[PDB]
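Single chain ahead, written as structure tokens, the form deposited in one PDB entry.
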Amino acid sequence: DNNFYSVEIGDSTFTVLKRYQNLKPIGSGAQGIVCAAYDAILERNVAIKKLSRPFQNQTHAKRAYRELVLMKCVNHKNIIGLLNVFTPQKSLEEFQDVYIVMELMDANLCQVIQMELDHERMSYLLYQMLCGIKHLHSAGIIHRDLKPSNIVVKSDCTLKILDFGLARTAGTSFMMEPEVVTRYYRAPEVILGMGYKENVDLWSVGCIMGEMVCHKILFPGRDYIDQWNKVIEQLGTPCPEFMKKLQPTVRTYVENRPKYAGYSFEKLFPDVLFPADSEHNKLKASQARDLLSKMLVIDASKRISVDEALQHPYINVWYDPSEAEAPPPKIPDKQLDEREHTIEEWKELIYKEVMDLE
């Protein structure tokens, strides 16, 4: 009755401001459980995530923080809104558990990927997804983990991006922890330790839009390394220009693989899988396929960007300057790309964050 409480959430325990009722799970992941709840005070339902071991490693810290920060510093109608963030512990001593609260849609894109849409829906859905990202990119922010699990739709046919716990900027490194993004969607620059640009997201975007048409994961991959082989078997071995960019160690292996020419996108994606072409030009299989072939490209330097995705004949017939080129968000300057701290030191910033964010 200390104005909080706990609920036996499946495997573990939760602790939230009484206002949140009927906590049933929906999100079981690599960042902790996330259950739906009915915020009374709000008169609308919400979702609550409980960060799993936020201080376990000097890295989780770096992610929990960015998570928070970025959830706060960035807004769009296509980015899950941060309703709140709280902690039950009273002081930094106690402090170690953080619950984040945000609006909740109706389902997962995995739910969509299991139904056949039409150019209207599919194109619109991609459009929204594309606007959501453009927002992040406009601030030099990369998501590094776009996938179905991180995209939600609601009955009114609108979608919103999710999770930022892995979201960051820059690209110095080759990703010391590339093992983190979800295999089936890793972009070539990630797989082959390379240093990514913003366009490293449009790859995942292709892997997804391809999943909505095919209805199966685009590039399977029984393991971190098999992933690559699944990519080339589809799109064919990259050219020598590309190879010349890999670390000496990676370049050699990448060159000792069998050579695949790949298959045409008309083959990878025959018409029949795409919605029914009407008679209208902009929303045709030809176009949807064309956009695909410009995202599913190994060489990042030759791969489309959001700017152009939003301008493409298939996604462009919804284009709206506001949504498209909204105002670039603005993080203070805490967010960076390297800045390392202690387990405690990090914990320090989190608290003084969870606080003025309560």
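Just count from 1 along the sequence shown to find any residue number. Between two forms, the rigid core is defined as the largest C-alpha subset superposing within 1.5 Å.
The same protein also has a form deposited in another entry, omitted here; what follows describes it.
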property: Position that moves between this form and the one not shown after core superposition, taken from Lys244, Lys90, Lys267, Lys216, with Cα shift of 2 Å or more; result: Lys90
property: CA of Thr59, rigid core aligned, shift of 2 Å or more between this form and the one not shown; result: yes
property: Residue shift check between this form and the one not shown, rigid core fit, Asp320 Cα at least 2 Å; result: no
property: CA of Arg257, rigid core aligned, shift of 2 Å or more between this form and the one not shown; result: no
property: Cα distance between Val250 and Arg339, which in the other form differs by 3 Å or more from this form, closer or farther; result: farther
property: Distance direction in the other form for the C-alpha atoms of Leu273 and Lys282, relative to the displayed form (3 angstroms or more); result: closer
